[PDB]
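Contents: one structure, followed by commentary.
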Amino acid sequence: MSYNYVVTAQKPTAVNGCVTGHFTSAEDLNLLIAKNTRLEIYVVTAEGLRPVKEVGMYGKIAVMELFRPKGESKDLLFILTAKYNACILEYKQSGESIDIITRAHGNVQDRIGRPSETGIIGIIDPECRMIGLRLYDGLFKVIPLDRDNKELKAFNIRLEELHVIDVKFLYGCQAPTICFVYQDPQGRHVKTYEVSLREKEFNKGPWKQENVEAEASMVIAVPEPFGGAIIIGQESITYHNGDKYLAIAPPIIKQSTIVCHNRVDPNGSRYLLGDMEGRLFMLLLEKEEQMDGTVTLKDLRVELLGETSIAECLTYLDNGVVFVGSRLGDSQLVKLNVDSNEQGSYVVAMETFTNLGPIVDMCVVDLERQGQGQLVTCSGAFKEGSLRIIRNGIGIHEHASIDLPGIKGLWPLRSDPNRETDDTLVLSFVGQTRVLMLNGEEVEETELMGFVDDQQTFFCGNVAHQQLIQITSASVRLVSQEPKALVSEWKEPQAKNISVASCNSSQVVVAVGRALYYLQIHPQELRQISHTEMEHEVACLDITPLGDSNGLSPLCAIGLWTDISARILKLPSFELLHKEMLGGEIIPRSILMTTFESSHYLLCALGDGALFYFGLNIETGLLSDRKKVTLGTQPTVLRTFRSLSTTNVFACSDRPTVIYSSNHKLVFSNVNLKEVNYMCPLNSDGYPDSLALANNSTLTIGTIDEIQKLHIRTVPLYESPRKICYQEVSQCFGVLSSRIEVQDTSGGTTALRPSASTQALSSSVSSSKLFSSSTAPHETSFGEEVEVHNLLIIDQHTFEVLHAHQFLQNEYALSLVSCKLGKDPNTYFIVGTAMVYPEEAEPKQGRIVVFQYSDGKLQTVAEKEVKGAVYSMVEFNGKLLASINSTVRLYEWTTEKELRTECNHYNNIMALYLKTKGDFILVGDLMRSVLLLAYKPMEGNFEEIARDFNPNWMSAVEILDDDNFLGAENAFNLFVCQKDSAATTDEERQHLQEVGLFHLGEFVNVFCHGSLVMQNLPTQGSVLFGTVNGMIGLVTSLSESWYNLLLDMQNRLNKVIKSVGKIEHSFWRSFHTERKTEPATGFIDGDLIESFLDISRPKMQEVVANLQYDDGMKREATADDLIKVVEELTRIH
Amino acid sequence: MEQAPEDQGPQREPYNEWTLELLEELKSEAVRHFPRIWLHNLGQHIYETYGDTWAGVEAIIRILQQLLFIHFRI
Amino acid sequence: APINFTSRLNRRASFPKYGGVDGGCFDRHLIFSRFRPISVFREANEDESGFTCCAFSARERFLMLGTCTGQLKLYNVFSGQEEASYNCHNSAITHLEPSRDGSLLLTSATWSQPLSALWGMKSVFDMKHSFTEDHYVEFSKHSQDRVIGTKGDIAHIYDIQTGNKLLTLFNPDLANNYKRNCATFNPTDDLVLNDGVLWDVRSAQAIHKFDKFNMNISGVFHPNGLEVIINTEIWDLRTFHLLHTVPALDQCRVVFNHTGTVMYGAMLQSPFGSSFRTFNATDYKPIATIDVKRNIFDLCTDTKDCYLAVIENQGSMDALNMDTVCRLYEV
Amino acid sequence: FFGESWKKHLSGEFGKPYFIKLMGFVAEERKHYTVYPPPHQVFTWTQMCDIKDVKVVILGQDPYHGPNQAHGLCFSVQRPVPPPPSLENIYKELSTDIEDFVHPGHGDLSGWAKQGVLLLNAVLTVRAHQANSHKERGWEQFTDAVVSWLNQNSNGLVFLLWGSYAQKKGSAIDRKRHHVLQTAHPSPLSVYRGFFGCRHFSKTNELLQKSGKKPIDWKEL
């Protein structure tokens, strides 16, 4: 009886992998990024990096590789998922409509066999002869590349070798030769096989197999004129090619393990090598002219270029422009200067890209306060490790907040025509207008000669030929900039008053109900051009010029009375171009034709707070794709504004919204404000690139945030973050850390760089003894890398390191909690640690330390020694519940300010996860699924209520309610267990039925309750999660009726939506562990349901076919019926 | 899930008549691997400890029946 | 990759899956080196228990046990209760193989003719068919539609519906005379390993004779369908090249786990072990040797890598004082 | 309820220091364990026919250790107690030896006793479930004496000694004054084939005719 809904609140932000080649066209240098389930396509411009298309995948992108098969226009892309879905995709765009076609597809999983625990290796032959796959051990799967392989069928070659480190297809050979480094008892070696496609077997094998040093990790196929292969893996670089052998052991590379590489220069000459420390090097192949006519390799050079983000993969993009693709931290753009820096660093930072991955820990707070839920994360690892503060919506930074009530309009001006900085602000009122002078950062009242102040303003602002303009209730005024004096005045033929007006730099459009006048802008004159007599009165009109440089608008938007028709007109024609019937009786209020990405659109607001957006046809004048977005309750006012060379729209309602495009799809990210009646973009001297905002009372001027669905504040730590808590009382955060120091000659260890743990205001060190130590040693070392664990005290607002407490040598901090315990009124910061020794395989010792951030220091309150690692801790109603290896201890807090052991539970292998719900406890084990305990107060101990026996390797757990519990497993699944306390037999009662099943595709680390939406009152429940790829998600509860409805809708939706690689959603989301592969049940993919709004309207009607809902009372469904259903669901995250 | 079948197999049957017959089928099969002097000697043992009961019958049918099993497994 | 699990686990969220390299190998080297006995199953109302075979119900609710007296009892795993008793053979149940689906069940005895049978496991417990002269019977590994009976050095193949003999695999010249020979089906069903001679089921033709180095052990197929394991020597099924010599694997009743990740060895020749080995399947490195401290008679495991049933003789292997109970382990 | 004909004869034993110890043991044994057969039943072998009227004698070992089973005669079990294995085995010999014999459908050998067949056990009492329990205690010495008197006093008896133990009790009897008939023990535990096919019952009746005594109607039970 559990029914749950699952939606991604935040897409994965980690670079799983990236390639350069020519994908969109053979001229374009494309950059492609794998962000697990998402594929990001970009064009490498002189300017930087242009977005193109981003597309989701019914799988985890296992192998991404661009290849140009003989007989192809542009490079094709091969994709393989972790679920084994192979496919060849082709980029194809019909001008504006961008679509990714599946050139072929199939599931390459071997019916029987266990996949190599090392991971998938995907390699293509330079000639495009076949796709080499190492999926399963002792087998080399070969996908032939011949035309008729639409079903992507492969075969295997028994690869005697087993446990292959890395294999690359070799350059400069007739026979498709594979060169690989393989591990065998005798040590690591390099070997060569030819791949006979005809005989479906291998053949010896260019040069004889040579031996390579045991730390050989990468095999780089060197292209011709060089040939052969380079074998990276510190402390040596080697070149193997027939009988030629070069070996370079540079002193430099020695310190760190090189992880990725990129060919700078195609001929082989220049190569970029990046390591786990974020160092960037240059591997330089000395092209030797040798003799006649043979091109040999003279020597190899290794030079250091400086430091970048920890690179998961580097990608050079020409002009010393390299993209440092980081999974472990912020991805970046790097410049390589021809000459050395002051420091000696050729690396020049260009741009940085947000990367919440890996989301180690999470928590939900209310820092600004009142109903606004904000998330804080432990994101990144090593130098790249930071803290991220995710806020829902886009907030405005005020700089001016004047007191004006009942403001009916705001407009910016340039009083002096010499300056580019704004100096004026015009404010419309019911029956009046007022002028504001902005002499620097000081704003005072003025009057601008030639402006009527005894009438209401409809439009104001500077126009062409060094002149200003005003449109009033009565007349339209023209003012000369030098000197200030009226130059023209437009009168209505029969002295009638202007109802609604619009303007640009050269055109004016005014309305007198059914009368519609068009005026032009000339030096010292208001030249009237035309006039049309409608059906009814006009509610709104717009003349914003879009494209290309002309300054003039070729068309005019129109809103009419009673009928409710959003009509388009041609300028100066006044010809009824396109009429969209919206119907009803509710009147439109504000229309605006605007350009996003590069594409044109039209917008329309209604008196009920409902918007309509269409596709504005370039020169045509048609309205394609009628969509509906329900916003406010009050009518909406629409205005354009520039933020970092981007023209976005601001929709003024009781529900303020910022309209913008992302991936050519219209976004409606909200504003962190009460209600805006009128907006204005203001770029002054004192207030530059800010914006004026007014409502029912109080005018404010300020700068808007970076326009995104969620706002992320980064706090760099220069070390690894681990766990977070919030001591509301102490107005701070408690963070766990880890820095690396290397065992030097002089003393023990020396640190690598300065980190948040060293750069603290108040520093501390753990003076504790407990562990003798030695017994038990502790070899040490001698050039070994050691971890240094610290607890950090972070300020609620400055986020500076108020205090850092360093733990013992070889000590790891694993779990912290902030809470009030027992009869104690003090709020404590409690940490669980472990004594980690590299030699040993499991820690047999650790400690629970209690702290309190009183005043400005971190004091050691209480300490308890444990015989294992404290994997987790919970606030269990005055008590502290703790996980120590194979035990679940309930610690009672005493008067003596100490930890006493109340009761224990042992039926777990390695109990790594803990959750509470009053008397119930949920335990998540290393391999044995979940288990449910309940403290029997009168008995004074735990009672196992039910267990799950399934061998599910846990990632995270969570209590949904007293009878339903959710878990995350290492094979990227979600599951929900039910408790049937009612069942006929004990055997059944003591059993947790896996009622919910779902393959999520993400590795869940953190599961915490609450929402980011401003809660004040469709679905009942809220669980947020954080993954390794930096994805942020949400799980919520559904009723039987709604589940049954949304499930029918999923099965309906699945038919309609086109997959990338033709992958079945039912399969993709089907529960998948080594063992079971069962259809996902009791779960609703929110991400698929939320795609219903995105899709086509006929495709929406295709959904409702004969959709009947019992909400024993049959009510019929239409496309509009459902749009509202989904509309609720989108507002839930 | 779940439920066990219905025993509509072998049934006993008219026991004692059967028990007696199984003992003498087994007694011979035992004799083809074990010296008939040791096997008798095991019978008395059983007889002194159990008596002329059926309970004692089944317990040579068990002892015999087990030896043969180990023998088979070697 | 790290050795210390806590460090491995810290790298597991980094860095997933299994933290660094070799998983996983460490995780299985930790997990399958650990076994807690959680319950015993004593025979009905007899003062002395006489189990000879252990096997789980297909759905694994009951753990099915064979008596020495030729019976079969299904004990409810959770409850403990003997839910039901069925009279199978007239001699000591040596083998039990529940049809994956749980419609059928195979049985082997000690000396009573018939030595093997197929029984209805659904609603009514009937005898379906008998294999009289076959001392060991095993189901076809694919979708179990055939039965692979052995008769010493000779193999046999039967249809579960008809109950009729189809093939008789034997070549007296290629034969090795492996004492405890057992003809087994390949993971794909198309091959048979019998008396150290690998055969082709469809052609009914011999493929290879894996040179004699052992005297009792016939061997099994690895579930990769790539290798074959004749006692120690690990051979390749297509190449016949020796791959590795696992000296720890000598004289072992080997049985892979459900996922085919860990091997369970049972040392034999009182005969059989008091202990059992486990190894990592991926690279034949031993994991542990567990001294059950009691003479084991059989050993089985569930799909869930949760329970380990073992038939342990409670008290010295004297004709009289023989009490074969069934013990249960956790992991 | 000892039988007067035998009481006026065996009586001399009661006074013996072996018999006093045996009675006192049996006494204290019933004060602590349930001993079979119960008092009146211990001596039914005597109260069935007169010591003089006995023609045939069969030697048993131990009583039946189950409730309401043990009744005074060897290989005899009360109604509705099913026959013990040896009896089921002995009955099976009667069908392959005596013409008009049917399975009597019960285990009660009252019939043979009234008719002149002595069904005397070496041991006369046992603890419930404890097999030989009251073993080398006294009982054997008393029955050894009962046996001695029939050898020394009565003439032309048919001694049916089945199995090594009973055979050893009869070693003292001469095949020249009496008729000693010996074979293996009826019990199916034997391993040693013997009793099956011996025709001891027909032989009893043939030898009765040579003596001129009334034959045994084996069918009367």
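In the structure tokens, chains take letters A, B, ... by order of appearance, with residues numbered from 1 within each chain and ligands from 1 in the order shown.
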Open item on the list: Residues near region 34-51 of chain C, anyone? I mean within 9 Å using only C-alpha atoms, not counting same-chain ones fewer than 3 positions away, as a PyMOL selection string.
Closed with: (chain B and resi 62+66) or (chain C and resi 30-31+54+65-69+73+75+80-82+92-93+288+290+297+308+311+321-331)
Open item on the list: Quick one: residues within 8 Å of residue 866 (chain A), only C-alpha atoms, excluding same-chain residues fewer than 3 positions away - as a PyMOL selection string?
Closed with: chain A and resi 845-848+869-870+884
Just asking: which residues within region 22-213 of chain C are helix (DSSP H, G or I) according to DSSP, as a JSON list (two decimals) with C-alpha atoms, in the first residue's frame?
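Below is the file result_17.json, written as the result:
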[["chain", "number", "residue", "atom", "x", "y", "z"],
["C", 25, "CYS", "CA", 37.52, -8.19, -3.62],
["C", 26, "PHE", "CA", 38.23, -6.78, -0.16],
["C", 27, "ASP", "CA", 34.51, -6.51, 0.67],
["C", 28, "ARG", "CA", 33.93, -10.18, -0.38],
["C", 29, "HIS", "CA", 37.22, -11.11, 1.38],
["C", 30, "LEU", "CA", 35.67, -9.60, 4.56],
["C", 31, "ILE", "CA", 32.05, -10.79, 4.16]]
Open item on the list: So that I can check the surroundings of residue 132 (chain D), please list as a VMD selection string every protein, DNA and RNA residue that reaches within 9 Å of it, counting only C-alpha atoms and ignoring chain neighbours fewer than 3 positions away.
Closed with: (chain B and resid 48 to 51) or (chain D and resid 62 to 63 65 123 126 to 127 135)
Residues from the last selection, C-alpha atoms, saved as a compact mmCIF listing (two decimals), in the first residue's frame:
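In the end it all went to part_31.txt:
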# COMPACT_ATOMS: atom_id res chain seq x y z
CA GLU B 48 20.07 -55.06 24.55
CA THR B 49 19.62 -51.31 24.40
CA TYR B 50 16.21 -51.20 22.70
CA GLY B 51 14.49 -54.58 23.20
CA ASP D 62 13.21 -59.67 29.10
CA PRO D 63 9.58 -58.37 29.76
CA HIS D 65 8.67 -52.25 28.87
CA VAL D 123 14.10 -61.90 33.47
CA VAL D 126 11.70 -54.13 33.72
CA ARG D 127 11.65 -50.30 34.15
CA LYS D 135 19.20 -57.37 34.19
Open item on the list: Could you check the closest approach to chain B for each of C:279, C:221, C:119, C:32 and tell me which residue wins, using only C-alpha atoms?
Closed with: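 Using only C-alpha atoms, the shortest distance to chain B belongs to C:119.
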Could you name the residues that touch residue 47 (chain B) at 12 Å or less, counting only C-alpha atoms, but leaving out those on the same chain fewer than 4 positions away, as a JSON list (two decimals) with N, CA and C atoms, in the first residue's frame?
[["chain", "number", "residue", "atom", "x", "y", "z"],
["B", 40, "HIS", "N", 26.04, -58.68, 12.91],
["B", 40, "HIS", "CA", 25.20, -59.40, 13.84],
["B", 40, "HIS", "C", 25.45, -58.76, 15.20],
["B", 41, "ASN", "N", 26.74, -58.57, 15.45],
["B", 41, "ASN", "CA", 27.21, -58.13, 16.69],
["B", 41, "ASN", "C", 26.64, -56.85, 16.98],
["B", 42, "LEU", "N", 26.25, -56.07, 15.97],
["B", 42, "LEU", "CA", 25.63, -54.72, 16.09],
["B", 42, "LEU", "C", 24.19, -54.86, 16.36],
["B", 43, "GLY", "N", 23.54, -55.80, 15.71],
["B", 43, "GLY", "CA", 22.19, -56.22, 16.05],
["B", 43, "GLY", "C", 22.07, -56.50, 17.53],
["B", 51, "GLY", "N", 15.41, -53.48, 22.95],
["B", 51, "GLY", "CA", 14.49, -54.58, 23.20],
["B", 51, "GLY", "C", 13.67, -54.97, 21.97],
["B", 52, "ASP", "N", 12.89, -56.04, 22.09],
["B", 52, "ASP", "CA", 12.03, -56.52, 21.01],
["B", 52, "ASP", "C", 10.87, -55.53, 20.75],
["B", 53, "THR", "N", 11.26, -54.29, 20.46],
["B", 53, "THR", "CA", 10.34, -53.23, 20.13],
["B", 53, "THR", "C", 10.58, -52.88, 18.70],
["B", 54, "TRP", "N", 9.60, -52.20, 18.13],
["B", 54, "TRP", "CA", 9.68, -51.70, 16.79],
["B", 54, "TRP", "C", 10.63, -50.52, 16.73],
["B", 55, "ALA", "N", 10.68, -49.75, 17.84],
["B", 55, "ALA", "CA", 11.57, -48.60, 18.02],
["B", 55, "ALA", "C", 13.00, -49.05, 17.79],
["B", 56, "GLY", "N", 13.32, -50.20, 18.33],
["B", 56, "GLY", "CA", 14.61, -50.82, 18.12],
["B", 56, "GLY", "C", 14.79, -51.35, 16.71],
["B", 57, "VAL", "N", 13.75, -51.64, 16.02],
["B", 57, "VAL", "CA", 13.85, -52.08, 14.67],
["B", 57, "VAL", "C", 14.31, -50.95, 13.85],
["B", 58, "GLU", "N", 13.57, -49.86, 13.72],
["B", 58, "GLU", "CA", 13.99, -48.74, 13.04],
["B", 58, "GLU", "C", 15.29, -48.31, 13.39],
["B", 59, "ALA", "N", 15.99, -48.69, 14.45],
["B", 59, "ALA", "CA", 17.28, -48.13, 14.85],
["B", 59, "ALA", "C", 18.39, -48.89, 14.48],
["B", 60, "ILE", "N", 18.16, -50.04, 13.95],
["B", 60, "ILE", "CA", 19.10, -50.79, 13.19],
["B", 60, "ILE", "C", 18.73, -50.47, 11.86],
["D", 61, "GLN", "N", 13.60, -63.71, 27.15],
["D", 61, "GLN", "CA", 14.63, -62.99, 27.88],
["D", 61, "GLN", "C", 14.08, -61.96, 28.86],
["D", 62, "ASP", "N", 13.62, -60.83, 28.34],
["D", 62, "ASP", "CA", 13.21, -59.67, 29.10],
["D", 62, "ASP", "C", 11.70, -59.34, 28.94],
["D", 85, "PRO", "N", 8.02, -57.50, 17.15],
["D", 85, "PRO", "CA", 8.64, -58.11, 15.96],
["D", 85, "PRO", "C", 8.90, -59.62, 15.99],
["D", 86, "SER", "N", 9.53, -60.14, 17.06],
["D", 86, "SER", "CA", 9.78, -61.56, 17.24],
["D", 86, "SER", "C", 8.48, -62.35, 17.04],
["D", 130, "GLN", "N", 13.23, -48.45, 29.83],
["D", 130, "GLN", "CA", 14.59, -48.90, 30.06],
["D", 130, "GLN", "C", 14.61, -50.38, 29.74],
["D", 131, "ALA", "N", 15.16, -50.66, 28.55],
["D", 131, "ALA", "CA", 15.30, -51.95, 27.90],
["D", 131, "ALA", "C", 15.63, -53.11, 28.81],
["D", 132, "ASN", "N", 16.92, -53.41, 29.07],
["D", 132, "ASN", "CA", 17.22, -54.54, 29.94],
["D", 132, "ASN", "C", 17.22, -54.29, 31.42],
["D", 165, "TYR", "N", 21.23, -66.70, 23.62],
["D", 165, "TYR", "CA", 20.98, -66.51, 25.04],
["D", 165, "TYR", "C", 20.16, -67.65, 25.61],
["D", 185, "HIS", "N", 17.38, -66.72, 16.94],
["D", 185, "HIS", "CA", 16.31, -65.99, 17.62],
["D", 185, "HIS", "C", 15.33, -65.40, 16.61],
["D", 187, "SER", "N", 13.50, -62.59, 16.50],
["D", 187, "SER", "CA", 13.75, -61.15, 16.26],
["D", 187, "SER", "C", 14.45, -60.90, 14.94],
["D", 188, "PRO", "N", 13.93, -59.93, 14.18],
["D", 188, "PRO", "CA", 14.47, -59.67, 12.84],
["D", 188, "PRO", "C", 15.83, -59.01, 12.83],
["D", 189, "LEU", "N", 16.34, -58.63, 14.02],
["D", 189, "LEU", "CA", 17.64, -57.99, 14.21],
["D", 189, "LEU", "C", 18.79, -58.93, 13.86],
["D", 190, "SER", "N", 18.58, -60.24, 14.06],
["D", 190, "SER", "CA", 19.49, -61.39, 13.87],
["D", 190, "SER", "C", 20.69, -61.37, 12.92]]
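Residues lying within 8 Å of region 30-36 of chain B, counting only C-alpha atoms and ignoring same-chain neighbours fewer than 6 positions away, are residues 64 and 68 of chain B; 191 and 192 of chain D.
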Go ahead and save the residues from that selection, with N, CA, C and O atoms, as a JSON list (two decimals), in the first residue's frame.
[["chain", "number", "residue", "atom", "x", "y", "z"],
["B", 64, "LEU", "N", 22.24, -49.29, 10.05],
["B", 64, "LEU", "CA", 22.62, -49.95, 8.82],
["B", 64, "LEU", "C", 22.60, -48.97, 7.67],
["B", 64, "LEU", "O", 23.64, -48.77, 7.02],
["B", 68, "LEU", "N", 26.06, -47.68, 5.12],
["B", 68, "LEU", "CA", 25.97, -47.79, 3.68],
["B", 68, "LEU", "C", 26.09, -46.42, 2.98],
["B", 68, "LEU", "O", 26.76, -46.31, 1.95],
["D", 191, "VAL", "N", 20.51, -60.98, 11.66],
["D", 191, "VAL", "CA", 21.55, -61.02, 10.64],
["D", 191, "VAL", "C", 21.84, -62.49, 10.27],
["D", 191, "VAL", "O", 22.00, -62.80, 9.08],
["D", 192, "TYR", "N", 21.88, -63.37, 11.29],
["D", 192, "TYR", "CA", 22.11, -64.81, 11.17],
["D", 192, "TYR", "C", 20.79, -65.50, 10.87],
["D", 192, "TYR", "O", 19.84, -65.43, 11.67]]
Identify all chain C residues at most 8 Å from chain A by counting only C-alpha atoms; ligands do not count. Present them as a tab-separated table (two decimals) with N, CA and C atoms, in the first residue's frame.
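So selection-v6.tsv came out as:
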chain	number	residue	atom	x	y	z
C	2	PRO	N	42.24	0.94	-1.33
C	2	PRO	CA	42.64	0.81	0.07
C	2	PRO	C	42.30	-0.56	0.63
C	3	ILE	N	43.04	-0.95	1.68
C	3	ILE	CA	42.78	-2.21	2.41
C	3	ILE	C	41.78	-1.94	3.52
C	4	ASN	N	42.04	-0.91	4.37
C	4	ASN	CA	41.18	-0.57	5.50
C	4	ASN	C	39.79	-0.18	5.06
C	5	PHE	N	38.79	-1.04	5.35
C	5	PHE	CA	37.38	-0.88	4.95
C	5	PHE	C	36.79	0.51	5.20
C	6	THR	N	37.12	1.12	6.34
C	6	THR	CA	36.62	2.43	6.68
C	6	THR	C	37.17	3.49	5.71
C	7	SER	N	38.41	3.29	5.25
C	7	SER	CA	39.03	4.20	4.30
C	7	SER	C	38.44	3.92	2.94
C	13	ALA	N	32.26	6.91	-1.52
C	13	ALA	CA	31.38	7.98	-1.96
C	13	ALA	C	32.13	8.95	-2.83
C	14	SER	N	33.44	8.75	-2.99
C	14	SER	CA	34.29	9.67	-3.73
C	14	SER	C	34.19	9.72	-5.28
C	17	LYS	N	32.28	2.87	-7.78
C	17	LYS	CA	31.75	1.98	-6.74
C	17	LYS	C	32.93	1.29	-6.06
C	21	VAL	N	40.20	0.20	-6.68
C	21	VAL	CA	40.18	-1.03	-7.50
C	21	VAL	C	39.86	-2.26	-6.66
C	22	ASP	N	40.06	-3.45	-7.21
C	22	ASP	CA	39.84	-4.73	-6.54
C	22	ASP	C	38.69	-4.69	-5.54
C	23	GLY	N	37.57	-4.13	-5.99
C	23	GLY	CA	36.35	-3.93	-5.24
C	23	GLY	C	36.51	-3.73	-3.75
C	24	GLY	N	35.75	-4.50	-3.00
C	24	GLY	CA	34.88	-5.47	-3.62
C	24	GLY	C	35.53	-6.78	-3.36
C	31	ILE	N	33.37	-10.20	3.98
C	31	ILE	CA	32.05	-10.79	4.16
C	31	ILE	C	32.04	-12.33	4.21
C	78	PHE	N	11.72	-20.04	8.80
C	78	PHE	CA	11.42	-19.10	9.89
C	78	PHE	C	10.88	-19.80	11.13
C	79	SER	N	9.86	-20.66	10.97
C	79	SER	CA	9.20	-21.27	12.11
C	79	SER	C	10.02	-22.31	12.79
C	223	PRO	N	30.67	-20.83	-13.82
C	223	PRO	CA	29.48	-20.27	-14.46
C	223	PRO	C	29.77	-19.18	-15.50
C	224	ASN	N	31.06	-18.92	-15.86
C	224	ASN	CA	31.43	-18.01	-16.96
C	224	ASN	C	31.28	-18.73	-18.30
C	226	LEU	N	33.51	-20.26	-19.67
C	226	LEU	CA	34.84	-20.06	-20.24
C	226	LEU	C	35.85	-21.09	-19.69
C	258	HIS	N	25.19	-17.74	-5.68
C	258	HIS	CA	24.19	-17.34	-6.66
C	258	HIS	C	24.67	-16.36	-7.70
C	259	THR	N	25.42	-15.35	-7.28
C	259	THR	CA	25.98	-14.35	-8.19
C	259	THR	C	27.29	-14.80	-8.86
C	260	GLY	N	27.82	-15.94	-8.43
C	260	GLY	CA	29.04	-16.51	-8.99
C	260	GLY	C	30.29	-15.70	-8.74
C	304	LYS	N	19.85	-15.57	-1.94
C	304	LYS	CA	20.07	-14.34	-1.16
C	304	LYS	C	21.44	-14.12	-0.43
C	305	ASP	N	22.39	-15.06	-0.55
C	305	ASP	CA	23.71	-14.99	0.12
C	305	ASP	C	23.54	-14.59	1.57
C	306	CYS	N	22.48	-15.15	2.17
C	306	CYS	CA	21.99	-14.93	3.51
C	306	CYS	C	22.24	-16.12	4.46
C	331	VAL	N	25.82	-14.65	7.17
C	331	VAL	CA	27.13	-14.24	6.61
C	331	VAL	C	27.75	-12.76	7.03
Show me, as a Markdown table, the residues of region 278-331 of chain A having an atom within 12 Å of region 210-224 of chain A, each with the closest atom pair and its distance in Å, using only C-alpha atoms.
| residue | atom | partner | partner_atom | distance |
| --- | --- | --- | --- | --- |
| A:283 | CA | A:220 | CA | 11.5 |
| A:284 | CA | A:222 | CA | 11.9 |
| A:285 | CA | A:222 | CA | 9.8 |
| A:287 | CA | A:224 | CA | 10.7 |
| A:294 | CA | A:224 | CA | 11.1 |
| A:295 | CA | A:224 | CA | 8.9 |
| A:296 | CA | A:224 | CA | 10.1 |
| A:297 | CA | A:224 | CA | 10.8 |
Give the residues of chain C that lie within 8 Å of chain B; count only C-alpha atoms, and format the answer as a compact mmCIF listing (two decimals) with C-alpha atoms, in the first residue's frame.
# COMPACT_ATOMS: atom_id res chain seq x y z
CA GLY C 50 19.38 -38.68 10.57
CA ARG C 59 11.11 -20.10 -3.08
CA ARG C 61 10.59 -20.87 2.72
CA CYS C 68 18.90 -41.64 6.06
CA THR C 69 15.71 -43.87 6.16
CA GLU C 83 5.66 -28.79 7.93
CA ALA C 84 5.56 -32.09 6.10
CA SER C 85 7.03 -35.59 5.65
CA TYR C 86 7.17 -37.63 2.39
CA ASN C 87 8.46 -41.21 1.87
CA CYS C 88 10.97 -41.04 -1.04
CA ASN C 90 14.32 -47.05 0.86
CA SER C 91 17.97 -45.83 1.32
CA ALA C 92 19.84 -42.77 2.57
CA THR C 94 22.24 -38.56 -0.91
CA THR C 110 22.20 -45.06 -1.32
CA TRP C 111 21.38 -48.68 -2.50
CA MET C 121 6.28 -30.55 -5.62
CA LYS C 122 3.16 -28.50 -6.43
CA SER C 123 -0.17 -29.46 -4.75
CA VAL C 124 0.20 -33.22 -4.64
CA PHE C 125 3.33 -35.17 -3.72
CA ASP C 126 3.45 -37.91 -6.42
CA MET C 127 6.33 -39.83 -7.96
CA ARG C 180 33.51 -39.88 -7.10
CA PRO C 271 35.90 -39.24 5.63
CA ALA C 319 28.15 -46.81 14.09
CA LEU C 320 25.76 -46.11 17.07
- [ ] Please identify all polymer residues within 7 Å of residue 602 (chain A), counting only C-alpha atoms, omitting same-chain residues fewer than 5 positions from it, and present them as a list in words.
- [x]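 So the residues in contact are residues 592, 593, 594, 613, 614, 615 and 616 of chain A.
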Open item on the list: Give me, as a ChimeraX atom specification, all polymer residues having an atom no more than 9 Å from region 367-376 of chain A, counting only C-alpha atoms and skipping those fewer than 3 positions away in the same chain.
Closed with: /A:361-364,387-392,724,796-797,1010-1016
Open item on the list: I need the strand (DSSP E) residues of region 214-293 of chain C per DSSP on the backbone, written as a count of residues only.
Closed with: 35
